[PDB]
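In the UniProt record's numbering, the protein residues as written are 36 to 144, 146 to 471. Here a beta-carbon is modelled for each residue, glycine too, at the ideal position from N, C-alpha and C.
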Ligand SMILES: N[C@@H](Cc1ccc(O)cc1)C(=O)O
Ligand code: NA
Ligand SMILES: [Zn+2]
């Protein structure tokens, strides 16, 4: 029935393939949680579905339509359940439209944050990893089912808005502004950035990555601390370093939305949600790395968060070396940090664990061990192939190990496996060197 996630066993619907969310969100008073929504989901299926079952937590649906037609629906617990006139079968699509309104609820965990629709200091914004997007959007709230997004945000004329995707039009009537954003590459629900309140959009010159053009804009909310910046030149340099390692940047634009709040940063798509207290070079790199690892390559199961966070963390070492710093010393710093902490196999079994130090640093050292085993050329080739292999296909730890085995051989697979499996922390991975 549900996606069957090992950590959050009730989220999502088995076999559902949401392909596009067309969301019109209306936020009457930014900074206060009440809101209203008009969303049309374009949905397909991997198995015959007699119902469409979406996650929703807080708001109440008041109307539903299927292909422009009246349809049976019920809202029960944390789900909206839509009974179809006939089964939705693979290869077909339909349009499910839902009208809803009310107060998004924050999930209260274990987790670093209470994810969902945040409200503070005149700002409302999504910070919804892992499973908070369902607070303000009826959705298949699981990273195994990424989708494209077109968002129209209606706000009072004194406010502005920013969502993931390129900004096109802003219209205004009766004291209300409506802004349209189009996210054209599919990302998990939690990677939908959406911020309303006092903010300004600021463009920077395009970045050229060979034949690929990446547009540049950052969001600056009002009231940022003195010195809250995106240093000139930095984002282009990080885009070059990381894309040279991972393959083409997956999106049409990149930037950060700087918020005067105190909170973790989140890799929302092409527009990282960046509270000022997290605004550091290494964090900016890390969140950009997640545009590949997490947003493009998405998780089959939340137990495997290390494939996002370990890879994003390892990107910080790749960045550090590109800036002339000693990568092995950084790996040693990761190890020293872990050597006084409990360790675990990389596949998490508890919600407490999915963003813990093992997911970030034990996962990063796993990739360090692999890299030192196969050499830098093979390792960079492997990362390119990894991103291509799990584009349009959610990744798992088993699938990674299979790819390493076939691409890099059984010895490379065993090197990664000792880091993946095993309750005790392995020794620090160190260069072979001459005999
Ligand atoms: N994904 C963030 C951490 C985070 C986790 C959950 C959140 O809701 C927000 C942020 C990172 O890259 O470290
Ligand atoms: Na999908
Ligand atoms: Zn991360």
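Among the options, nearest to residue i - alpha-carbon criterion
{"i": "residue 353", "options": "384, 319 and 211", "result": "319"}
{"i": "residue 119", "options": "104, 85 and 110", "result": "85"}
{"i": "residue 455", "options": "442, 407 and 411", "result": "407"}
{"i": "residue 55", "options": "43, 39 and 78", "result": "78"}
{"i": "residue 279", "options": "215, 458, 313 and 417", "result": "417"}
{"i": "residue 339", "options": "356, 192, 385 and 308", "result": "385"}
{"i": "residue 341", "options": "36, 42, 37 and 405", "result": "42"}
{"i": "residue 315", "options": "306, 302, 326 and 327", "result": "302"}
{"i": "residue 299", "options": "398, 155, 233 and 428", "result": "155"}
{"i": "residue 101", "options": "75, 92 and 83", "result": "75"}
{"i": "residue 180", "options": "294, 431 and 312", "result": "431"}
{"i": "residue 194", "options": "210, 202 and 200", "result": "210"}
{"i": "residue 312", "options": "136, 200 and 266", "result": "266"}
{"i": "residue 160", "options": "198, 375, 399 and 435", "result": "198"}
{"i": "residue 332", "options": "227, 292, 375 and 448", "result": "227"}
{"i": "residue 245", "options": "283, 466 and 448", "result": "283"}
{"i": "residue 323", "options": "388, 361 and 396", "result": "396"}
{"i": "residue 44", "options": "90, 64, 58 and 57", "result": "90"}
{"i": "residue 208", "options": "192, 222 and 220", "result": "192"}
{"i": "residue 88", "options": "436, 458, 381 and 173", "result": "173"}
{"i": "residue 464", "options": "143, 343, 111 and 375", "result": "375"}
{"i": "residue 110", "options": "222, 59, 412 and 96", "result": "96"}
Residue range of the alpha helix (DSSP H) that includes residue i
{"i": "residue 450", "result": "446-456"}
{"i": "residue 197", "result": "Note, residue 197: premise wrong, no alpha helix (DSSP H); beta strand (DSSP E) at 196-199."}
{"i": "residue 280", "result": "270-282"}
{"i": "residue 375", "result": "363-375"}
{"i": "residue 262", "result": "Per DSSP, residue 262 belongs to no alpha helix (DSSP H) and is neither H nor E."}
{"i": "residue 178", "result": "Run containing residue 178: none; DSSP gives neither H nor E here."}
{"i": "residue 92", "result": "Looking at the DSSP string, residue 92 is not in any alpha helix (DSSP H), and its letter there is neither H nor E."}
{"i": "residue 325", "result": "317-326"}
Host beta strand (DSSP E) of residue i (start-end)
{"i": "residue 254", "result": "248-257"}
{"i": "residue 99", "result": "95-101"}
{"i": "residue 297", "result": "Run containing residue 297: none; DSSP gives neither H nor E here."}
{"i": "residue 358", "result": "Residue 358 -> not in any beta strand (DSSP E); alpha helix (DSSP H) instead, spanning 342-358."}
{"i": "residue 417", "result": "Segment 412-425 is the alpha helix (DSSP H) holding residue 417; no beta strand (DSSP E) there."}
{"i": "residue 236", "result": "235-245"}
{"i": "residue 208", "result": "202-209"}
One or two residues paired with residue i in a DSSP bridge
{"i": "residue 397", "result": "Note: residue 397 sits in no beta bridge, so no partner."}
{"i": "residue 129", "result": "78"}
{"i": "residue 153", "result": "162"}
{"i": "residue 71", "result": "61 and 136"}
{"i": "residue 108", "result": "117"}
{"i": "residue 221", "result": "Note: residue 221 sits in no beta bridge, so no partner."}
{"i": "residue 290", "result": "252"}
{"i": "residue 56", "result": "76 and 185"}
{"i": "residue 86", "result": "118"}
{"i": "residue 311", "result": "295"}
{"i": "residue 231", "result": "161 and 198"}
{"i": "residue 192", "result": "212"}
{"i": "residue 38", "result": "None; residue 38 has no bridge partner."}
{"i": "residue 440", "result": "DSSP output for residue 440 lists no bridge partner at all."}
{"i": "residue 333", "result": "329"}
{"i": "residue 51", "result": "80"}
Supposed close pair residue i, residue j - CB separation, criterion 8 Å
{"i": "residue 285", "j": "residue 252", "result": "So it is not a contact: roughly 11 Å between Cβ atoms."}
{"i": "residue 72", "j": "residue 94", "result": "7 Å"}
{"i": "residue 225", "j": "residue 177", "result": "5 Å"}
{"i": "residue 334", "j": "residue 125", "result": "Contact doesn't hold; Cβ gap of about 20 Å is too wide."}
{"i": "residue 61", "j": "residue 204", "result": "Contact doesn't hold; Cβ gap of about 18 Å is too wide."}
{"i": "residue 261", "j": "residue 296", "result": "7 Å"}
{"i": "residue 414", "j": "residue 444", "result": "6 Å"}
{"i": "residue 81", "j": "residue 52", "result": "6 Å"}
{"i": "residue 306", "j": "residue 200", "result": "6 Å"}
{"i": "residue 37", "j": "residue 47", "result": "6 Å"}
{"i": "residue 433", "j": "residue 383", "result": "5 Å"}
{"i": "residue 141", "j": "residue 103", "result": "Not a contact, Cβ separation roughly 34 Å."}
{"i": "residue 468", "j": "residue 452", "result": "Rounded, the Cβ-Cβ distance is 16 Å, inconsistent with contact."}
{"i": "residue 92", "j": "residue 113", "result": "5 Å"}
{"i": "residue 117", "j": "residue 99", "result": "6 Å"}
{"i": "residue 68", "j": "residue 138", "result": "5 Å"}
Interface flag, residue i vs chain C, CB-CB below 7 Å
{"i": "residue 354", "result": "As a matter of chain content, chain C is missing from the structure shown, which is built from one protein chain."}
Count Cβ pairs between the region 252-263 and the region 162-181 that sit closer than 8 Å; are there 3 or more? no
### Task
Evaluate the contact criterion for the region 130-138 versus the region 270-283: three or more CB pairs, one atom per stretch, below 8 Å.
no
Cβ contact (3+ pairs, closer than 8 Å) linking the region 370-390 and the region 416-427: no
Exercise. Is it a yes or a no for the region 339-351 touching the region 235-253, going by three-plus beta-carbon pairs under 8 Å?
Worked result: no
Below 8 Å, how does it come out for the region 185-202 and the region 216-224: are there three or more Cβ pairs, yes or no? yes
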